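**Q** this one's experimental. Sequence and coordinates below.
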Amino acid sequence: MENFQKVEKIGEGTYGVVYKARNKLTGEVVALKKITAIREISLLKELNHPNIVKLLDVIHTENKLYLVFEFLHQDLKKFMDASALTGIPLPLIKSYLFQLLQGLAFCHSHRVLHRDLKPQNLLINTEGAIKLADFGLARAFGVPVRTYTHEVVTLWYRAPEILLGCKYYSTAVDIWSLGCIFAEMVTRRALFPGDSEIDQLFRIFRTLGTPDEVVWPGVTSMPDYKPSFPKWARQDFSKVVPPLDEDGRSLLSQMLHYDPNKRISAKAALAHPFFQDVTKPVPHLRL
Ligand SMILES: Nc1cc(Nc2ccc(S(N)(=O)=O)cc2)ncn1
């Protein structure tokens, strides 16, 4: 579009390139992403919340679609890589987890799911805020095996009910993803770095135990389930995210529950004792 001045490529998303751009009219600096779907996007423009990257505009032109979002200076992946040596302090890990749960609770309350949470889509600013980007685009446009650049879409944060072929998942898939992200900020290593759908499922099984009819009623009937899956024992949590404390380990165990109906909701998670002492520190951001 002619109203925006591209300032630089931020990177390649699922659906297309993402640029930093200046609006010539209003002078704002935004993130320009080149991409029923139209009807879907328009619903999202209305779901505003402090921890959700604002959707400013939707420009469909010549069968060409562009989304204009609020711009933030850095993503959680880069931030994690830069704090790799010392680790992000716990007070900041807690404040981020806390804010992200506030964002999921709002969206989930309007029955909108994210479906593809990952560090690349969690954006931060110098004031200690963290927000979720691309919320709802998966349902609008779905999730491909490969991006527009043929890049592999990461499976690291995918919930087990999705890997087992359930067609109608719930908001429980986002809590699983976020719990994988919490574990990663803590240990400074991805929890389940799968390189294929089966390696991803088997990595989950090896740490959390092959699920059964006792812990996940109905699991054995799922479309992609196989009696031949190996049966690994569940590991103990202290070995999972050391040295996280017991409140943190408890909340995480609740976010990684196999049965989606038992998995904690975002709203209940915000009440967990882990948050009693939550504060809002600021990252040391060098832009
Ligand atoms: N998808 C985005 C991204 C974005 N900005 C942004 C994201 C990542 C980076 S990085 N790779 O430098 O951390 C920089 C800016 N702002 C809004 N939407």
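**A** Looks like it arrived, so ask away. Residues are numbered from 1 along each chain as shown.

**Q** domains of the chain?
**A** 1-73, 74-286 (curated CATH domains).

**Q** and the last one, how far from the chain's centre?
**A** Spelled out, it's domain 74-286. 7 Å (CA atoms, centre = their mean, to the nearest Å).

**Q** give me whichever of the domains of the chain is most buried.
**A** domain 74-286 (a mean of 17; mean count of other CB atoms under 10 Å). (Each C-beta comes from the backbone N, C-alpha and C, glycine too.)

**Q** dump the residue contacts of residue 234.
**A** 207-209 (CB atoms under 8 Å, 6 or more residues apart in numbering).

**Q** same thing but 6 Å
**A** 208-209 (CB atoms under 6 Å, 6 or more residues apart in numbering).

**Q** what does the one 10 residues further on give?
**A** With contacts defined as CB under 6 Å, 6+ apart, residue 244 is in contact with residue 186.

**Q** what's the answer for residue 257, then?
**A** Neighbour list for residue 257: residue 263 [criterion: CB under 6 Å, 6+ apart].

**Q** oh, and call the first residue 29 from now on, that's how I've got it
**A** Sure thing, new numbering starts at 29, so read that last one as residue 285.

**Q** about what we covered before: any chance of the domains of the chain in JSON lines, plus distance to the ligand?
**A** Output for those, formatted as JSON lines (distance: least, CB to the nearest ligand atom, whole Å):
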{"stretch": "domain 29-101", "distance to the ligand": "3"}
{"stretch": "domain 102-314", "distance to the ligand": "4"}
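
**Q** ok, the residue positioned nearest the centre of the chain to residue 51 distance?
**A** Centroid-nearest residue in the chain, with CA atoms, centre = their mean: residue 145, separated by 1.8 Å. Residue 145 sits 28 Å away from residue 51 when distances are taken as CB to CB, to the nearest Å.

**Q** ok, now residue 214?
**A** 39 Å.

**Q** show the subsequent helix or strand relative to the top helix by length along the chain.
**A** Criterion DSSP state H: the longest helix present in the chain is helix 118-137. Where DSSP states H and E defines the elements, the next helix or strand beyond helix 118-137 is strand 150-152.

**Q** packing partners of that following strand?
**A** strand 158-160 (3 or more CB pairs under 6 Å, 6 or more residues apart in numbering; DSSP states H and E).

**Q** what does the strand it packs on contact?
**A** Counting by CB under 6 Å, 6+ apart, residues outside strand 158-160 touching it are 79-81, 124, 127, 131, 150-152.

**Q** check stretch 175-187 too.
**A** In contact with stretch 175-187 (CB under 6 Å, 6+ apart) are residues 40, 42, 44, 145-146, 201, 204-205, 208, 218, 220-222, 228.
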